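Peer 1: Pasting a structure here, questions to come.
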Amino acid sequence: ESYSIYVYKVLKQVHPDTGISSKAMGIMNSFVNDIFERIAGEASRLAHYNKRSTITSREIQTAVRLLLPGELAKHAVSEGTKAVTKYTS
Amino acid sequence: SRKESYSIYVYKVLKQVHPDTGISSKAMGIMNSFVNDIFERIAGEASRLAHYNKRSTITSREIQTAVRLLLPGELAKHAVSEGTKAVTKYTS
Amino acid sequence: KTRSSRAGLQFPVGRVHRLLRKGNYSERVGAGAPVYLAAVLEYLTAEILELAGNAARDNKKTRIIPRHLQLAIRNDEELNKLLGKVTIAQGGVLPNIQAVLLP
Amino acid sequence: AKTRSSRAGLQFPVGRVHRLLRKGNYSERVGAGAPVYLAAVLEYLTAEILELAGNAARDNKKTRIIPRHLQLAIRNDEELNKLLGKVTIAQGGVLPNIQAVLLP
Amino acid sequence: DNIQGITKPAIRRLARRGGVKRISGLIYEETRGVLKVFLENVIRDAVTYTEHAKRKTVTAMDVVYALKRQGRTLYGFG
Amino acid sequence: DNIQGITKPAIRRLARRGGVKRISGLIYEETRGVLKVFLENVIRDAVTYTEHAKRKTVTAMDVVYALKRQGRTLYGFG
Amino acid sequence: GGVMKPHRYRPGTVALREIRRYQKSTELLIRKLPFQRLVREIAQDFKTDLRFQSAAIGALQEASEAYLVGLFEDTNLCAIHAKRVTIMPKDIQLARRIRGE
Amino acid sequence: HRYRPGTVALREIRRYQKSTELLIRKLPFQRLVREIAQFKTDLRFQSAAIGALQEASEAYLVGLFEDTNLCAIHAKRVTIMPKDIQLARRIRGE
Amino acid sequence: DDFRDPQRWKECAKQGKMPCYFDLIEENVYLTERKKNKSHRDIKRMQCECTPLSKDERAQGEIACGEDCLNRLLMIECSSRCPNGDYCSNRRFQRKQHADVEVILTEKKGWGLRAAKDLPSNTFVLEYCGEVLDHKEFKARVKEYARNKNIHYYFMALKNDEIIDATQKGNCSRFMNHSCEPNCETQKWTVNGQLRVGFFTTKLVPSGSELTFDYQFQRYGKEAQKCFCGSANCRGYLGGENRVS
DNA sequence: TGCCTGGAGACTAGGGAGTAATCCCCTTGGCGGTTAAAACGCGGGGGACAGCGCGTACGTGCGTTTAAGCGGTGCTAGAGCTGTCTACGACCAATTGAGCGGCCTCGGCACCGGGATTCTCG
DNA sequence: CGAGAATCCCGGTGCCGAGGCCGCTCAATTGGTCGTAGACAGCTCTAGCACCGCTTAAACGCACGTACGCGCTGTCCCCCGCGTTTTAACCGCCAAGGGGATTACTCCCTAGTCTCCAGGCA
Ligand SMILES: C[S@@+](CC[C@H](N)C(=O)[O-])C[C@H]1O[C@@H](n2cnc3c(N)ncnc32)[C@H](O)[C@@H]1O
Ligand SMILES: [Zn+2]
Ligand SMILES: [Zn+2]
Ligand SMILES: [Zn+2]
């Protein structure tokens, strides 16, 4: 079980008439897993320093702002904020 | 508020290998930071080893494997020997 | 309906919530964290695939290869900073020759 | 009512290490020999670094141990320099080292 | 303009501790920029931890965590 | 002596990929020792993971975990 | 009446042509069976009677080639800073000293 | 009475590799930190935070001048130059 | 004096005023060409790295792909996929940009060429074109043709196994002579994956001066020949008792 | 396409976090005095840089040799997946002693000054 | 080789931080019950190892020539040791008050359980 069909769903939206090899699919799988592990580990570190027992969207946002570069983190925070705003409204 | 430390234990270790030698507060803080850092490294490596084999319990075998990966040279041999000697005496 | 249809995303939310509850990170997990993290992962995936598609169209190809991923990552200022310690298999290097060697 | 440190023959505590293992989000279960093994390893490393620190304190004609003595004790041993190669010690200074081409 | 407060004898004493026998006249403007970049990175991480902690005071553990994040691992301040 | 199986034109070809125009005569004997030390470290950690996992075959995920332990993340063999 | 040869290339042209040719491609530059024999020989020192897969040796070869290419990329900068073109072992030792190895 | 150039330099190398004190003053460094921490307006600092920043900054600068001296010796010179600092920060990975 | 006309005429052998006893030739022809080469697997394209403008010529206009190109320095002509397109100046073997040549008599050593007008250094003159042989046919045709009592042998070794004959068909580069003071030479250019031999100049040759190239000296039989130029250090004969190829 | 295993929909309890109050510790601002350190010239010796000459080590090229690939076949150690069950860890009740905080006390070490030794250079 | 600036040694004074001692909490200890995680056994089947014949592309070795690394010499710029003057760092003291930190109360958010049913993997 992997993220391959979801990588196809993302790829067919930004470039319609293109394909992708299985080696590049494995590299994208490793990239998604690595970024997941980095963000989850930093959000696990942030929740221990304040003696809290819950990882929240504020914890994930603080782990995004520490890890990503300047122009990338702003768009990541904006996309995540829009997605968590559309979840309740 | 009451806070954990390792100062009395570092003093008990120091008064066995050097019977006439003092220690300052800065050196005691450096020793506390050293003990905390090595604890965090070994515990994190053992918790990483516990997830690869799909286990749930961290035991002395995972702790020994985390020590063997992390310490270089003959220091790992002596650490494994001291730990095995201390675990062997505990069961009896 | 699924929560990925509620949030409007493409990456799943239940699998991310299961991996948060399963991988020993904390005691409790909230409600906006897998949605937020799925949005971040979808944005990063779309950026990598956009630059890879541009690098694939620049060489008259229709299939993205690890060389195209290598050129897309190393020809960007911030993705090279994020992925500086990562070795991509079958990726190669960037073509460059120092100016004190050319005749 | 003997403790577990007296039963294991160690100087570091066992219940504090067990509490820090159970309250640190490392795993669901914790074995009964792991804090004994880890306290033995930490006690060995503590005695190993304090021997070299006491040797430096005897070499510099002092009674107490200072961060300069700790810096000399770590940087004069090769295995401790490899284990602690990314560690900065406050008020520890550097090592005396002058290259052979800079001096006549 | 407080980067000019890192004077020439201070950089010269740091180079004498570093083992440097003879020093040119252009090292100082490079050293001030390198020090400025390093301090901007560490102060940015420390202010990010402080803003997450809902506090107005930047403590020392925030600085130790900001140095641990970059791989420096300073001992002596907790 | 299978260290001599890493031939001279292979090291020359790696230097041509690295951007080197002209090569001396001791770079090959230096590169063999460097490669030997690196491979000994990675094989030591991989065999440690394999002996911990109670197996007898050395898989590729053990190599990926050892390279992650050295600090060199490898995408593709997961 | 003899058959004359045209000319001979100046030293450096074929070398820069090979630099472009091997920076354009993406392939394995080392033979596979001597590398496999070397890995098995140095792995006999840690555990007798082991067994290997194929991706486990392929990943080692990818990591080793990337490491050596990065080492030569820093070592060429060392040799250019030393105001030379030929690459010396002292440049390799300087690169491994400044890098932290 | 004058000394040949280099004796006082080696004397300073010996005495500052023997000493352990701080070389940068405290009020200019504190004003530099409080200037460049303006990120978030109207902050507040403990003393140990600046005391840790100064230790880390001077350790970083000494560790950079060591490799600068190594590059200058490799270039068969004695005087350090900014290109040696650039080579050290290029090989170091910055 | 050249007067290339397709009708065969009444001049026996010397080819100084009537060029239609033999046949001329375009780009060379092959006999046993097989698809084992580095043609379209790694030398598919070798594109230069140029960021041109190409909209400002004849006024603040630099010529495209000059002596700063990556391909001209490495003795490679560009393909049709160039970023300059049909304005690149590397493609000189394909657009047939030649030099003004003429064939008349200069000395009793034989026929040759003399420069019409001024011609600067590193300027292309003519391409060596002929018939490409192979392994077996060379050592049979040389002993079949040595017994025909010919003076001129039009053999040039492209590689260790390829020798080009310019006897049955030849272009205007077959008349050029030998001298111990060379002003032109030969280079090995790689066009479309295939190796080709050209002729460049080295100095500022005046209008009405000789254009010869240096032979890499070679004997094949027992006899010897000598040169008649005598510039300053003319050996004439070969380099001793050598026997290499 | 089969299907089945993981994801969604309600409902409830309990403790985790959010708000308000108040103490008092520690951060910031200010004024003066001393003097150590930074700033500014100045003469000069040393080193960085440029030019030139020479010998050799490393490049390109050709012919011979060798073993890396490339298929085909066969045998088997060992990875992988279910079943039993038993021993080991989580959890709670009661208890007591080890360790954190506060308080005196004295001695290792830091500053100062005199006398003699050790490297430096013209 | 002998003036001359650093430098080591010896003693005296005194002071503030390391260390012993005590009172007292709260967390380690011991006993007992229950559930379930892994240890062992056993069956299947699959890639890993070993051998064999053929081809041909890469490695090796020798010849030769020339561009470059290294050594020497000359010049002139520029950094260093030293002396004098100016400046703000450091210590000491004082005072206002802002926010860390702790406690008490209360709402509400997510883990757990049961039922249902479709999304994606071979
Ligand atoms: C390319 S042709 C050059 C001139 C040729 N004879 C012509 O008129 O076209 C080469 C042949 O001419 C002969 N040749 C060229 N130069 C010569 C010379 N200087 N002395 C003697 N023979 C020469 C050689 O023997 C060779 O076989
Ligand atoms: Zn071009
Ligand atoms: Zn072009
Ligand atoms: Zn001649």
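Note: ideal-geometry Cβ built from the backbone for every residue, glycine included; neighbour counts use all protein chains shown. Coordinate-derived values only; no laboratory data.
Peer 1: Taking amide H atoms as placed 1.01 Å from N in the peptide plane, list the residues 5 or more away in sequence, or in a different chain, whose amide H sits under 5 Å from that of I:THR202.
Peer 2: Placed amide hydrogens put I:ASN122 under 5 Å from I:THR202.
Peer 1: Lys pairs in the range E:3-70, Cα-Cα under 28 Å, at least 8 apart or on separate chains: how many?
Peer 2: Taking the Cα cut-off of 28 Å, the pair count is 8.
Peer 1: Under the Karplus relation 6.51 cos²θ - 1.76 cosθ + 1.60, θ = phi - 60°, what is the ordered set of whole-Hz ³J(HN,Hα) values for the range H:41-48, x standing for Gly and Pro?
Peer 2: 6, 6, 8, 6, 10, 7, 7, 6
Peer 1: Here's another thing I want to ask about it. Please compute the Kirkwood hydrodynamic radius of the range I:127-238 from all pairs of different C-alpha atoms, in Å with one decimal.
Peer 2: 15.9 Å
Peer 1: While we're looking at this one, here's another question. Evaluate E = 1/(1 + (r/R0)^6) for I:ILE63 and F:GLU40, where r is the Cβ-Cβ distance and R0 equals 60 Å; express this FRET efficiency to the nearest 0.05.
Peer 2: Here the calculated transfer efficiency is 0.60.
Peer 1: For the modelled label position 7 Å from the Cα of I:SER80 along Cα-to-Cβ, which residues of the range I:92-106 have backbone nitrogen atoms closer than 16 Å?
Peer 2: Hits in the range I:92-106 for I:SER80 at 16 Å: I:92-96.
Peer 1: Within the range G:1-26, list the residues whose amide N lies under 18 Å from a label point set 7 Å along Cα→Cβ of C:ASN80.
Peer 2: Residues G:23-24 qualify, since their backbone N sits under 18 Å from the label point.
Peer 1: Exposed loop trypsin sites (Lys or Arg not before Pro) only (DSSP loop, at most 11 other Cβ atoms within 10 Å): please give the longest stretch of chain G free of them, not including the sites.
Peer 2: G:9-82
Peer 1: If you don't mind, another one. Copy-to-copy spacing for E:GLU51, label 7 Å out on the Cα-to-C-beta vector, in nm, shortest first?
Peer 2: Those separations, rounded to one decimal, come out as 5.0 nm.
Peer 1: Next question, about the same structure. Run through the range F:42-76 and list the trypsin sites (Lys or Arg not before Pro) located in a DSSP loop whose Cβ has at most 10 other Cβ atoms within 10 Å.
Peer 2: Passing sites in the range F:42-76 are F:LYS54.
Peer 1: Suppose each label sits 7 Å from its Cα in the direction of the beta carbon; what would the I:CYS12-I:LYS109 distance come out to in nanometres?
Peer 2: 2.4 nm
Peer 1: Additional query: How are the C-alpha pair distances of the protein assembly as shown spread across 10 Å bins, as whole percents from the shortest bin up?
Peer 2: Binned Cα distances yield the sequence 2, 8, 14, 18, 18, 13, 9, 7, 6, 3, 1, 0, 0, 0.
Peer 1: A follow-up question, please. Give the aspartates and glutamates whose C-alpha is closer than 20 Å to that of I:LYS222, dropping any in the same chain fewer than 8 places away, or say none.
Peer 2: I:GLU144, I:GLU241
Peer 1: Helix I:135-145 sits at what angle to the longest principal axis of chain I, using alpha carbons and giving 0 to 90 degrees rounded to 10?
Peer 2: 40 degrees
Peer 1: Report the label-to-label distance for C:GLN98 and B:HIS78 in nanometres (one decimal), using points 7 Å from each Cα along the Cα→Cβ vector.
Peer 2: Going by the 7 Å Cα→Cβ label model, 4.5 nm.
Peer 1: Here is a further query. Give I:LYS139/I:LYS159; A:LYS23/G:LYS24; C:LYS60/I:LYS96 a once-over and call out the pairs whose C-alpha atoms are over 23 Å from each other.
Peer 2: Beyond 23 Å: C:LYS60/I:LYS96.
Peer 1: For labels at I:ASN233 and H:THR79 in the simple 7 Å Cα→Cβ model, what's the distance in nm?
Peer 2: 4.5 nm
Peer 1: Under a straight-distance cross-link criterion of Cα-Cα below 17 Å, which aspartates and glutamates are reachable from D:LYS23, leaving out those fewer than 8 residues away in the same chain?
Peer 2: B:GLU4, B:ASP37, B:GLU40, B:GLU45, C:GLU27
Peer 1: Then there is this: Which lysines, if any, have their Cα less than 18 Å from the Cα of D:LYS61, not counting same-chain residues under 8 positions apart?
Peer 2: Reachable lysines: H:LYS18.
Peer 1: From the P(r) of chain C, can you give the percent of Cα pairs sitting at distances over 22 Å?
Peer 2: I get 52 percent for the Cα pairs in chain C exceeding 22 Å.
Peer 1: Can you show me the helix-derived [θ] at 222 nm for chain G, built from DSSP H runs with n ≥ 4 at -39,500 (n - 2.57) apiece and divided by the number of residues, rounded to the nearest 500.
Peer 2: -20000 deg cm²/dmol
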